[PDB]
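Peer 1: give me coordinates for this.
(2 chains)
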2 protein chains.
Amino acid sequence: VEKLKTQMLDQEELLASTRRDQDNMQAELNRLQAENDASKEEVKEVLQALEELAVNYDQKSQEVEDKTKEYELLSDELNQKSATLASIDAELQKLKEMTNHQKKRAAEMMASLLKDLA
Amino acid sequence: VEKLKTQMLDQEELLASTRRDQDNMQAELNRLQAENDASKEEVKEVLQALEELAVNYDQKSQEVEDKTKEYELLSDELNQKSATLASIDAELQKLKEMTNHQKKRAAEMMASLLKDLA
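Peer 2: Residues are numbered from 1 along each chain as shown, chains lettered A, B, ... in the order given. Structure data below:
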């Protein structure tokens, strides 16, 4: 009997040593699941964060498209205004020419009267 | 003659007064063209500035689209990794069950030998 109990001792101390490797593994597995489900939520958030940006940059590029037909209409108008003024410049030269012709006429009519011999 | 020259005086002083209104107008017209061609270039620039933004916000929203299939693949993978670990958790329970069955077997074989009547 005293050999058989030395056998049942070594057997227990081996099956104990096996239980403590099965716990290191159970533990390190559990931490790997923790470390994982961690990363699993960061990507959840990053995927949200990224969908906002997609919406945000999408509106912003439509606001840019609206500002552009705004400033293009204004571009058109100013160009038209450029013609109005150019036309008014033209009217303004005729008015100069008109009053010159009146200068001429008045002066000729003056000289013609100062041809009074007497 | 001395009435006719008083007439030719008043005539000149009126056609002078008319020339100086035609200059106020020529001047104020000219400034309006200046003030205009000014605005005409600001819109030129603003239209450029706006086309850059259109390009800029357009790339940025494609970079967001690329970051998203990037983080979606990663999302897929981590979910797969979640299964691997879950499977390894399962293997790890069997190994516990296996070594328990060996505990049982060894202990029964021990008791059976300690049934030595003598």
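
Peer 1: so which bits of stretch A:69-83 are buried?
Peer 2: Buried residues in stretch A:69-83, counted by 16 or more other Cβ atoms under 10 Å in any protein chain shown: A:71, A:74-75, A:78. The C-beta positions use only the backbone N, C-alpha and C, and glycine is treated the same way.

Peer 1: right, and residue A:4 touches residue B:114 too?
Peer 2: Yes: using Cβ atoms under 8 Å, residue A:4 is in contact with residue B:114, at 6.8 Å.

Peer 1: name the nearest residue to the residue nearest the centre of chain A, sequence neighbours excluded.
Peer 2: Closest to where the C-alpha atoms of chain A average out (Cα atoms, centre = their mean) is residue A:60, at 4.7 Å. Among residues not flanking residue A:60 along the chain, residue B:57 sits closest, at 5.0 Å (Cβ to Cβ, 6 or more residues apart in numbering or on different chains).

Peer 1: what sits against that neighbour?
Peer 2: Going by Cβ atoms under 8 Å, 6 or more residues apart in numbering or on different chains, residue B:57 touches A:57, A:60-61, A:64.

Peer 1: can you rerun that using 10 Å?
Peer 2: A:56-65 (Cβ atoms under 10 Å, 6 or more residues apart in numbering or on different chains).

Peer 1: check which helix or strand covers it.
Peer 2: For residue B:57, the enclosing helix or strand under DSSP states H and E is helix B:2-113.

Peer 1: distance between that helix and the chain's centre?
Peer 2: Computed by Cα atoms, centre = their mean, to the nearest Å, the chain-centroid distance of helix B:2-113 equals 3 Å.

Peer 1: alright, I will stop here.
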